[PDB]
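Asks: Data: model-v4.txt, compact mmCIF, C-alpha atoms.
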# COMPACT_ATOMS: atom_id res chain seq x y z
CA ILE D 1 133.84 32.97 11.34
CA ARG D 2 137.35 34.37 11.15
CA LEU D 3 138.11 35.25 7.56
CA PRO D 4 141.53 34.00 6.48
CA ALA D 5 143.49 36.80 4.84
CA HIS D 6 144.89 34.22 2.41
CA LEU D 7 141.48 34.25 0.75
CA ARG D 8 140.98 37.49 -1.16
CA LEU D 9 137.72 37.60 0.71
CA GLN D 10 135.82 38.39 -2.49
CA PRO D 11 134.38 35.08 -3.49
CA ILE D 12 133.46 36.52 -6.91
CA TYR D 13 137.17 36.95 -7.57
CA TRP D 14 138.24 33.56 -6.24
CA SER D 15 139.99 31.16 -8.59
CA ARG D 16 139.47 27.40 -8.83
CA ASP D 17 142.44 27.03 -6.48
CA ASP D 18 140.99 29.67 -4.14
CA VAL D 19 137.78 27.65 -3.82
CA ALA D 20 139.92 24.72 -2.66
CA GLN D 21 141.62 26.93 -0.07
CA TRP D 22 138.19 27.95 1.24
CA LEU D 23 137.15 24.30 1.51
CA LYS D 24 140.44 23.40 3.20
CA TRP D 25 139.99 26.15 5.80
CA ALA D 26 136.34 25.21 6.30
CA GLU D 27 137.24 21.55 6.85
CA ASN D 28 139.32 22.43 9.93
CA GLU D 29 137.61 25.62 11.11
CA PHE D 30 134.42 23.57 11.62
CA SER D 31 135.88 20.07 11.98
CA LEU D 32 133.75 18.88 9.06
CA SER D 33 134.09 15.51 7.37
CA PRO D 34 136.85 15.34 4.79
CA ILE D 35 135.85 17.18 1.65
CA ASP D 36 137.33 16.14 -1.68
CA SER D 37 139.19 18.96 -3.41
CA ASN D 38 137.37 18.22 -6.65
CA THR D 39 133.97 18.57 -4.98
CA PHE D 40 133.88 22.06 -6.40
CA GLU D 41 135.75 22.42 -9.67
CA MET D 42 134.84 26.02 -10.40
CA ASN D 43 135.83 29.63 -9.83
CA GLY D 44 134.15 31.93 -7.35
CA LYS D 45 131.90 33.41 -10.03
CA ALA D 46 130.60 29.89 -10.63
CA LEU D 47 130.44 28.96 -6.94
CA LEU D 48 128.10 31.90 -6.30
CA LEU D 49 125.66 30.55 -8.92
CA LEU D 50 125.04 27.15 -7.31
CA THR D 51 122.04 26.66 -5.05
CA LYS D 52 122.04 25.29 -1.51
CA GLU D 53 120.62 22.14 -3.12
CA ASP D 54 123.71 22.02 -5.34
CA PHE D 55 125.98 22.25 -2.29
CA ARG D 56 124.03 19.40 -0.69
CA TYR D 57 124.28 17.22 -3.80
CA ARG D 58 128.02 17.88 -4.02
CA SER D 59 128.90 17.60 -0.34
CA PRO D 60 126.13 15.83 1.54
CA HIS D 61 128.13 16.03 4.76
CA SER D 62 129.06 19.72 4.69
CA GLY D 63 127.42 21.28 1.64
CA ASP D 64 124.80 22.75 3.90
CA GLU D 65 127.47 24.24 6.15
CA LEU D 66 129.65 25.37 3.24
CA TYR D 67 126.78 27.24 1.57
CA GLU D 68 125.61 28.92 4.78
CA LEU D 69 129.26 29.72 5.49
CA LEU D 70 129.65 31.18 2.00
CA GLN D 71 126.48 33.19 2.60
CA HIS D 72 127.98 34.72 5.75
CA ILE D 73 131.25 35.57 3.98
CA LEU D 74 129.41 37.57 1.32
CA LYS D 75 127.37 39.17 4.13
CA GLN D 76 130.16 40.33 6.44
CA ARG D 77 132.15 41.59 3.44
CA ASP D 78 129.10 43.62 2.38
CA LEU D 79 128.72 45.31 5.77
CA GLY D 80 132.32 46.49 5.56
CA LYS D 81 131.69 48.13 2.19
CA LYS D 82 128.78 49.96 3.82
CA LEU D 83 130.71 50.85 6.99
CA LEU D 84 133.63 52.21 4.95
CA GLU D 85 131.26 54.45 2.98
CA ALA D 86 129.37 55.43 6.14
CA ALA D 87 132.67 56.40 7.79
CA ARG D 88 133.25 58.83 4.88
CA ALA D 89 130.14 61.05 4.76
CA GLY D 90 129.74 61.33 8.54
CA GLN D 91 126.71 59.05 8.94
CA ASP D 92 127.36 58.43 12.63
CA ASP D 93 123.93 56.84 13.04
CA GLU D 94 124.60 54.58 10.06
CA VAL D 95 128.13 53.90 11.35
CA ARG D 96 126.81 52.72 14.73
CA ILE D 97 123.94 50.69 13.23
CA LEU D 98 126.18 48.88 10.74
CA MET D 99 128.68 47.69 13.35
CA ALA D 100 125.74 46.70 15.57
CA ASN D 101 124.74 44.12 12.92
CA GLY D 102 128.10 42.33 12.90
CA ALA D 103 130.21 44.64 10.72
CA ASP D 104 133.95 44.36 11.30
CA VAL D 105 135.19 47.78 12.41
CA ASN D 106 138.67 46.87 11.10
CA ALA D 107 137.40 46.01 7.61
CA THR D 108 139.89 47.31 5.04
CA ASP D 109 139.14 48.28 1.45
CA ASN D 110 141.26 47.56 -1.62
CA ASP D 111 143.92 50.06 -0.59
CA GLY D 112 143.74 48.71 2.96
CA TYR D 113 141.80 51.71 4.20
CA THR D 114 140.31 50.94 7.59
CA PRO D 115 137.18 52.85 8.59
CA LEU D 116 139.57 54.76 10.87
CA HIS D 117 141.64 55.88 7.90
CA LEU D 118 138.57 57.27 6.15
CA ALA D 119 137.00 58.78 9.28
CA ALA D 120 140.11 60.78 10.17
CA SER D 121 140.50 61.93 6.55
CA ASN D 122 137.06 63.55 6.57
CA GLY D 123 137.11 65.11 10.03
CA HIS D 124 134.65 62.61 11.46
CA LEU D 125 136.09 62.53 14.98
CA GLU D 126 132.87 61.27 16.54
CA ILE D 127 133.04 58.29 14.22
CA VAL D 128 136.63 57.93 15.27
CA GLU D 129 135.63 57.88 18.90
CA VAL D 130 132.98 55.22 18.25
CA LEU D 131 135.41 53.15 16.15
CA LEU D 132 137.92 53.10 19.02
CA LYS D 133 135.15 51.88 21.34
CA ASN D 134 134.99 48.71 19.22
CA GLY D 135 138.76 48.23 19.52
CA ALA D 136 139.88 49.69 16.19
CA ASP D 137 143.62 49.21 15.65
CA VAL D 138 144.88 52.78 15.38
CA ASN D 139 148.23 51.29 14.30
CA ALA D 140 146.70 49.88 11.10
CA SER D 141 148.18 50.81 7.73
CA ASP D 142 146.96 51.56 4.22
CA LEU D 143 148.39 50.29 0.95
CA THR D 144 151.03 52.99 1.28
CA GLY D 145 151.74 51.97 4.88
CA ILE D 146 150.38 55.25 6.27
CA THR D 147 148.67 54.83 9.64
CA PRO D 148 145.48 56.80 10.39
CA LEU D 149 147.78 59.10 12.36
CA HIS D 150 149.47 59.95 9.05
CA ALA D 151 146.23 60.80 7.25
CA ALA D 152 144.96 62.67 10.32
CA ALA D 153 148.14 64.75 10.57
CA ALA D 154 148.13 65.44 6.83
CA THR D 155 144.45 66.46 6.76
CA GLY D 156 144.91 68.85 9.69
CA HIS D 157 142.51 67.44 12.30
CA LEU D 158 144.63 67.91 15.41
CA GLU D 159 141.65 67.01 17.60
CA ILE D 160 141.62 63.60 15.99
CA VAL D 161 145.39 63.30 16.18
CA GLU D 162 145.24 63.91 19.94
CA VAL D 163 142.56 61.22 20.25
CA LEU D 164 144.73 58.77 18.30
CA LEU D 165 147.80 59.55 20.42
CA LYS D 166 145.63 59.28 23.55
CA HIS D 167 144.78 55.67 22.78
CA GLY D 168 148.47 55.09 22.04
CA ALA D 169 148.96 55.56 18.29
CA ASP D 170 152.46 54.79 17.00
CA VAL D 171 153.76 58.34 16.65
CA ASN D 172 157.15 57.16 15.35
CA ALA D 173 155.56 54.84 12.78
CA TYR D 174 157.23 55.71 9.48
CA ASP D 175 155.53 55.55 6.09
CA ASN D 176 156.61 53.19 3.32
CA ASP D 177 158.99 56.00 2.32
CA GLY D 178 159.88 56.68 5.96
CA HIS D 179 157.49 59.64 6.32
CA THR D 180 156.46 59.64 9.97
CA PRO D 181 153.32 61.68 10.85
CA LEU D 182 155.72 64.53 11.61
CA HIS D 183 156.68 64.54 7.91
CA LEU D 184 153.10 64.55 6.59
CA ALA D 185 152.30 67.31 9.10
CA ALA D 186 155.39 69.29 8.09
CA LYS D 187 154.53 68.84 4.41
CA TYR D 188 150.93 69.98 4.97
CA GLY D 189 152.10 72.87 7.16
CA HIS D 190 150.35 71.75 10.34
CA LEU D 191 152.00 73.69 13.17
CA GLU D 192 149.96 72.78 16.23
CA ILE D 193 149.65 69.17 15.13
CA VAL D 194 153.45 69.13 14.95
CA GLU D 195 153.49 70.76 18.39
CA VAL D 196 151.16 68.00 19.59
CA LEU D 197 153.39 65.45 17.84
CA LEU D 198 156.49 66.82 19.56
CA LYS D 199 154.99 66.64 23.05
CA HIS D 200 153.74 63.09 22.43
CA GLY D 201 157.17 62.11 21.09
CA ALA D 202 157.83 63.16 17.51
CA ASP D 203 161.04 61.84 15.96
CA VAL D 204 162.99 63.68 13.26
CA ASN D 205 165.70 60.99 13.13
CA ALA D 206 163.37 58.78 11.05
CA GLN D 207 163.84 61.01 8.02
CA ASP D 208 162.05 60.54 4.71
CA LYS D 209 163.19 58.30 1.86
CA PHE D 210 165.27 61.26 0.62
CA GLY D 211 166.91 61.75 4.03
CA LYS D 212 164.81 64.82 4.86
CA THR D 213 163.67 65.58 8.41
CA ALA D 214 160.67 67.71 9.36
CA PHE D 215 162.89 70.79 9.07
CA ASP D 216 163.98 69.80 5.56
CA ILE D 217 160.45 68.90 4.41
CA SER D 218 159.15 72.23 5.74
CA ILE D 219 162.06 74.14 4.21
CA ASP D 220 161.29 72.37 0.92
CA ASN D 221 157.55 73.03 1.26
CA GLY D 222 157.77 76.83 1.00
CA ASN D 223 156.04 77.94 4.22
CA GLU D 224 158.84 79.61 6.18
CA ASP D 225 156.83 79.72 9.42
CA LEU D 226 156.55 75.94 9.28
CA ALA D 227 160.15 75.94 8.08
CA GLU D 228 161.46 78.30 10.76
CA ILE D 229 159.62 76.43 13.51
CA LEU D 230 160.78 73.06 12.16
CA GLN D 231 164.32 74.36 11.64
CA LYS D 232 164.24 75.53 15.27
CA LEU D 233 163.52 71.91 16.24
Starting from the file, give its structure as structure tokens.
Replies:
Amino acid sequence: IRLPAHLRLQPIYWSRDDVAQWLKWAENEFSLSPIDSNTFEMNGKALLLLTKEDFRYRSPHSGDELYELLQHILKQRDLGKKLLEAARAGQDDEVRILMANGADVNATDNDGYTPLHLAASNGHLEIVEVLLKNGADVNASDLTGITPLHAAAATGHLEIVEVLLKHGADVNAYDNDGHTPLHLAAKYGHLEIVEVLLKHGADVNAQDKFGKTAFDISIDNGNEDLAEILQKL
């Protein structure tokens, strides 16, 4: 059950055309008998109201499968909404139980916040560690294109940042405005983090959208110690 990103993955928000895309994917993902596109002429809000009997009456060959498939889509998407919230308040027990029941550890929210983005933003390093055990892509990006290394460097959790760089995080990954983690750390005034970024391979050449390096961002921030140290770089 590999959710196609083409589908908004929120059946309730599917359109009549989106329901046809889901049937088209399901016809090939499961090698089911050909399903007429007009079998379901409704939006996702309507599709969620039909019974399994209704699916059978509409598609005798695959209705069964389509309904059970649609039941798993609304189930895996629910576990992600619980894992994202659990990765926020530090419910490490709840974080490990949720992913043990089939929750996708790379499930992103509306802003594309992976559980790793939220865990690093709230100092939940343990959760980070257990998310990386499930193969969490540390190079993921949010709506703003900021990797978890960006949010970890901006929040000030250098212990997390070192764990991200240890698994190989893209240290030179620039933001949507070109703000590499060295820029978010220079804006937030993180000195050690920047020192950890420099040893792991921080790049000032990838300046911000305004053409400002870590020295310029720190000199524009107001903290001279972060400025002086960044200007020394």
Asks: What gap, in Å, lies between atom CA of residue D:23 and atom CA of residue D:8?
Replies: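 Interatomic distance here is 14.0 Å.
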Asks: Could you name the residues that touch stretch 202-210 of chain D at 9 Å or less, counting only C-alpha atoms, but leaving out those on the same chain fewer than 3 positions away, as a PyMOL selection string?
Replies: chain D and resi 171-183+194-199+213-215+217+233
Asks: So which one's closest to residue D:219, D:133, D:19, D:187, D:106? Using all atoms listed in the file, please.
Replies: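 Going through D:133, D:19, D:187, D:106 one by one, the smallest distance to residue D:219 is for D:187.
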Asks: List as a list in words the residues having at least one atom at most 8 Å from position (146.6, 55.6, 11.3) as given in the file, counting all atoms listed in the file.
Replies: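 Output: residues 116, 117, 138, 139, 140, 141, 146, 147, 148, 149, 150, 151, 152, 164 and 169 of chain D.
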Asks: Skipping near chain neighbours, those fewer than 6 positions away, what residues fall within 10 Å of residue D:99 using only C-alpha atoms, listed as number ranges by chain?
Replies: D: 79-80, 82-83, 105, 130-131, 134
Asks: Include C-alpha atoms and write out the residues we just selected as a PDB file, in the coordinates of the input.
Replies:
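Heads up, here's the output in part.pdb:
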ATOM      1  CA  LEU D  79     128.720  45.310   5.770  1.00  0.00           C
ATOM      2  CA  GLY D  80     132.320  46.490   5.560  1.00  0.00           C
ATOM      3  CA  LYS D  82     128.780  49.960   3.820  1.00  0.00           C
ATOM      4  CA  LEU D  83     130.710  50.850   6.990  1.00  0.00           C
ATOM      5  CA  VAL D 105     135.190  47.780  12.410  1.00  0.00           C
ATOM      6  CA  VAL D 130     132.980  55.220  18.250  1.00  0.00           C
ATOM      7  CA  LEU D 131     135.410  53.150  16.150  1.00  0.00           C
ATOM      8  CA  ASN D 134     134.990  48.710  19.220  1.00  0.00           C
TER       9      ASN D 134
END
Asks: Using all atoms listed in the file, pick whichever of D:41, D:191, D:121, D:66 has the shortest atom-to-atom distance to residue D:53.
Replies: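 That would be D:66, the residue with the smallest distance to residue D:53.
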Asks: Counting only C-alpha atoms, which residues come within 9 Å of (131.2, 18.0, -4.6), with the point read in the file's coordinates, and could you list them as an NGL selection string?
Replies: :D and (35-41 or 54-60 or 63)
